[PDB]
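Chemist: Residues in the sequence shown are numbered from 12 upward in steps of one, following the working numbering. Here it is, the structure, as structure tokens.
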Amino acid sequence: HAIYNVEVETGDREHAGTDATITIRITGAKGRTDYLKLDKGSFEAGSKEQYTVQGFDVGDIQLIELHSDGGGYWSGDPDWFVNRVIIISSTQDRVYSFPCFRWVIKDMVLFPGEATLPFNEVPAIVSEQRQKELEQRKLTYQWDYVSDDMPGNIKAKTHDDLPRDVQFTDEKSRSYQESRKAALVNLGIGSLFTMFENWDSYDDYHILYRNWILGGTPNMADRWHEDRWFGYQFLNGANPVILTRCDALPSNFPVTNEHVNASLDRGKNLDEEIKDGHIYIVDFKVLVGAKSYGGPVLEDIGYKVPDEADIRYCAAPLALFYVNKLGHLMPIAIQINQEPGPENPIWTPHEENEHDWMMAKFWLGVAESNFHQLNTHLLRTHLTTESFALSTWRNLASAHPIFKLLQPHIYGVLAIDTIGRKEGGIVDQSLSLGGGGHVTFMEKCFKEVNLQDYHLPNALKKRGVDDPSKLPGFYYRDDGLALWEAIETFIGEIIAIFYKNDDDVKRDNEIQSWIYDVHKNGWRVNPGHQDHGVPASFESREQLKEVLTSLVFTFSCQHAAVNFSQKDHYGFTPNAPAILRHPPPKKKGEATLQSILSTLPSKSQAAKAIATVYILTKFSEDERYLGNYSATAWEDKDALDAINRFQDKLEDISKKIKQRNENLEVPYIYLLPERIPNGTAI
Ligand SMILES: [Ca+2]
Ligand SMILES: [Ca+2]
Ligand SMILES: [Ca+2]
Ligand SMILES: [Cl-]
Ligand SMILES: [Fe+2]
């Protein structure tokens, strides 16, 4: 016989413990034990428990199987989250270490030692069990679709229908459900306080963030009305993804030197500034044809010739910006809709009537808000990356090194996206496109999505926004690029530990199925779709790196930059309205403060926008931030060294951002590693 010393580490998360009866079967080269009882004492969350069981001597241990009887009549929560099992056999001179970091329901198979690719040499019984795991994953983790024009999501009726490995922790559930209760309370309290106010100035909106715990006053509250800070936010606000270098005006945007000359300040006219690379543009054309709430449909001309019903408007503006001699991005011209003419003219900061320029900025702001929330945030982080999270569960075995790499980063997205698909939520009460056009709009955007868009260096280059001498003070870019490189370096080092060359990439059928599943069933090239840029297979380590870097960066950094920026951005509503209530003007000279206030969001619309931001930006008490791999399943020493390097590099990037920030009038904090969750979980 053999003596086996067995130590089980239980996860610290809530409900991690069990009082199920637990047994363990040990398999090795010589045979296998029966199920042996792990009998005395409790399995509490965070516990490290020791057992000595005796049984057939299996020789060199090859795998183990844990069994839970699923508890008895009184068991509150028999599911048991196991971190690791360590075993010493009295007959083998070594320590077997079995990473888990997954929920044990009834049966769990675990292998000792380092991650392997499916073709690495292992006992046949290990290979058979790997295949059984993958077969089982394909039944639990299934595709489903909002429509032919949306990226694949997880099939699940409600959150509690998700497999436990992909549900929120009980901590995240509490964080989330508690934040909805507080939103409702803060709304009701605020509604009482402001019940009989007549809103008659921009400054009345400050009341609305005042009884909310937001992390501080939105940092644009004192400056939103200055052109300089309006422009700044196209670089450093919630939507830093659409501005591009203008190398020629669009044909439908006929801004002349005479429109903007009073704004230029380096001694050159528009044509020269265009050639000098100091002219930048955003074009919201994708918003043409959008159906806003109450029924208006956006046209190239705006809206046709139409009591207080809830009717909302949006725009498809172009706007032109100029980097002035002090390095500030200045807004210099806005055309509210696509089709130039006397009814859709060009507004500049030199309007005879100052209210007309303000109103033009609000229309540009409403376009941006609906674009940002639906395309930039929801679709391009949450919904699109969700397909890859799902594929990872379907196709990558738990012993696979790239399963182990992705685990900290895919966590959360399935949970929150399933919740969201249930939670007339908001959307609906706080966005002009709420009520159903928001789905059509994301479909519209999805048809253009390409995987190459998720490549940060390439996208910035392509936009022409990557030269700090022509476009200064772009901290999303600077911090983004430093994080991208750190992530890429680390991912490259992981790959090299397990893939020794490109044939290893080609021979790995799991990584091949992983990418193929997204290509075929995830980002489906359907009728009317552009190619989505997802490869059908992998041919090289470098290609494998690029895709994993895109993906990890997007889960963590990109989602953080466009999500957690929302308090500063939307907290003071006039800085970024997401609903407007009247149609654009058809001539100059009509705007007054009063007409402007009746166009801007109402008090409850603005309050419901703040409530949404409060929910979508609440970090949970158990959040893990970028590089914090304390709940990961790695055993390989070289992999742990790579992790060490990555963490020291993030720490260096962190200090550097802090030192940059202390010389900034408005520090840029959303891409600090300690503020970037590993994943998209809210
Ligand atoms: Ca439990
Ligand atoms: Ca004990
Ligand atoms: Ca370490
Ligand atoms: Cl490993
Ligand atoms: Fe989010």
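Even for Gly, the Cβ is constructed at its ideal location relative to N, Cα and C.
Mind reading off the beta-carbon distance from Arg-105 to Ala-56? Whole number of angstroms is fine, and I expect it under 8 Å.
Modeler: Contact doesn't hold; Cβ gap of about 29 Å is too wide.
Chemist: Run the CB neighbour count on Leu-604, radius 10 Å, all protein chains shown included, and call it buried at 16 or more, exposed below.
Modeler: Classification of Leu-604: exposed, given that the 10 Å Cβ count is below 16.
Chemist: Could you tell me which residues DSSP puts in a beta bridge with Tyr-527?
Modeler: Note: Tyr-527 sits in no beta bridge, so no partner.
Chemist: Considering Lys-48, what are the terminal residues of the beta strand (DSSP E) in which it resides?
Modeler: Where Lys-48 is concerned, the enclosing beta strand (DSSP E) stretches over 47–49.
Chemist: Below 8 Å, can you find three or more Cβ-Cβ pairs linking the stretch 433–450 to the stretch 173–181?
Modeler: As far as the Cβ criterion goes, the stretch 433–450 does not touch the stretch 173–181, which means the pair count is below three.
Chemist: Can you list, in chain order, the residues of its chain with a C-beta nearer than 7 Å to that of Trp-240? Leave out the 5 residues immediately preceding and following it.
Modeler: Result list for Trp-240: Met-231 and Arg-234, in chain order.
Chemist: Find out if the Cβ-Cβ distance for the pair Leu-281, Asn-268 is shorter than 7 Å.
Modeler: Going by C-beta atoms, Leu-281 is nearer than 7 Å to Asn-268.
Chemist: Just reading off the beta strand (DSSP E) that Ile-14 is part of, what are its end residues?
Modeler: Element bounds for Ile-14: 13–21.
Chemist: Using 8 Å for Cβ pairs, my map puts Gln-577 next to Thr-628. What's the rounded Cβ distance?
Modeler: Yes, they are in contact, since the Cβ atoms of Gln-577 and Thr-628 sit about 5 Å apart, within 8 Å.
Chemist: Using the Cα positions of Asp-318 and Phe-399, report the straight-line distance between them to the nearest angstrom.
Modeler: Distance between the alpha carbons of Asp-318 and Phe-399: 47 Å.
Chemist: Taking 6 Å as the cut-off, does the CB of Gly-52 come closer than this to any heavy atom belonging to ligand 2?
Modeler: At least one heavy atom of ligand 2 is nearer than 6 Å to the Cβ of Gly-52, so yes.
Chemist: Sort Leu-394, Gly-448 and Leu-444 by Cα distance to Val-424 and report the nearest one.
Modeler: Closest by alpha carbon: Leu-394.
Chemist: Quick check on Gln-73: does DSSP put it in helix, strand or coil?
Modeler: If DSSP states are grouped into helix, strand and coil, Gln-73 belongs with the strands.
Chemist: To the nearest whole angstrom, what separates the beta carbons of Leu-145 and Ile-75, a pair I think is in contact under 8 Å?
Modeler: 19 Å between Cβ atoms; not a contact.
Chemist: With 16 other CB atoms within 10 Å as the buried threshold, where does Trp-534 fall?
Modeler: By the 10 Å Cβ count, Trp-534 comes out buried.
Chemist: Identify, in the order they occur along the chain, each residue of the same chain with its Cβ nearer than 7 Å to the Cβ of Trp-223, setting aside the five sequence neighbours on each side.
Modeler: Here the set comprises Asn-197, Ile-621 and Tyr-625.
Chemist: Any heavy atom of ligand 4 closer than 6 Å to the Cβ of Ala-126?
Modeler: Yes, ligand 4 has a heavy atom inside 6 Å of this Cβ.
Chemist: Inspect the CB distances between the stretch 191–205 and the stretch 579–599 and report whether three or more fall short of 8 Å.
Modeler: Taking 8 Å as the limit for Cβ pairs, the verdict is that the stretch 579–599 does not touch the stretch 191–205.
Chemist: Expressed to the nearest angstrom, what Euclidean distance is found between the alpha-carbon atoms of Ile-687 and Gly-66?
Modeler: Taking the straight line from one Cα to the other gives about 48 Å.
Chemist: Where does the unbroken alpha helix (DSSP H) through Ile-664 begin, and where does it stop?
Modeler: Unbroken alpha helix (DSSP H) run through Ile-664: 648–672.
Chemist: Count Cβ pairs between the stretch 610–619 and the stretch 584–592 that sit closer than 8 Å; are there 3 or more?
Modeler: With the cut-off at 8 Å, the stretch 610–619 and the stretch 584–592 touch.
Chemist: Which runs of the beta strand (DSSP E) fall wholly inside the stretch 551–578 and span at least 3 residues, in chain order?
Modeler: Within the stretch 551–578, no complete beta strand (DSSP E) run reaches 3 residues.
Chemist: Nearest by alpha-carbon distance to residue 700: which of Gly-446, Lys-166, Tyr-527 and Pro-328 is it?
Modeler: The displayed coordinates of the chain run from 12 to 693. Any statement about residue 700 would go beyond what the structure contains.
Chemist: What are the start and end residues of each continuous alpha helix (DSSP H) run of 4 or more residues lying completely inside the stretch 375–444, in chain order?
Modeler: Listed in chain order, they are 395–406, 412–421 and 424–433.
Chemist: Using a 10 Å radius around the Cβ and a threshold of 16 neighbouring Cβ atoms, would you call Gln-73 buried or exposed?
Modeler: Per the 10 Å Cβ criterion, buried.
Chemist: Have a look at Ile-99 and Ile-37 and give me their C-alpha separation to the nearest angstrom.
Modeler: Distance between the alpha carbons of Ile-99 and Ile-37: 11 Å.
Chemist: Could you pull the start and end residues of the beta strand (DSSP E) that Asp-294 belongs to?
Modeler: Residues 290–294.
Chemist: Could you round the C-beta distance between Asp-649 and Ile-508 to whole angstroms and report it? I think they count as a contact, below 8 Å.
Modeler: Between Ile-508 and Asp-649 the Cβ distance is about 5 Å, and since that is below 8 Å, they are a contact.
Chemist: Which residues mark the beginning and the end of the alpha helix (DSSP H) in which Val-137 is found?
Modeler: Residues 135–151.
Chemist: Considering just the uninterrupted stretch of the beta strand (DSSP E) at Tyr-107, what are its terminal residues?
Modeler: 107–115 is the extent of the beta strand (DSSP E) around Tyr-107.
Chemist: Taking the alpha-carbon positions, what's the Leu-254 to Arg-148 distance?
Modeler: Rounded to whole angstroms, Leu-254 to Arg-148 spans 42 Å at the Cα level.
Chemist: Does the stretch 468–488 touch the stretch 403–415, meaning 3 or more C-beta pairs lie closer than 8 Å?
Modeler: They do not touch, by the three-pair rule.
Chemist: Could you check whether the Cβ of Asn-655 sits closer than 6 Å to any heavy atom belonging to ligand 3?
Modeler: Indeed, a heavy atom of ligand 3 lies less than 6 Å from the Cβ.
Chemist: So what does DSSP say about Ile-165, is it helix, strand or coil?
Modeler: Three-state DSSP puts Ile-165 in a strand.
Chemist: So, is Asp-287 buried or exposed, given that buried needs 16 or more other C-beta atoms within 10 angstroms?
Modeler: Classification for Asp-287: exposed.
Chemist: Strictly closer than 7 Å from CB to any heavy atom of ligand 1: give me those residues in the order they appear in the chain.
Modeler: Checking every Cβ against the heavy atoms of ligand 1 under 7 Å gives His-26, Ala-27, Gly-28, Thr-29, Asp-88, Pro-89, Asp-90 and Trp-91.
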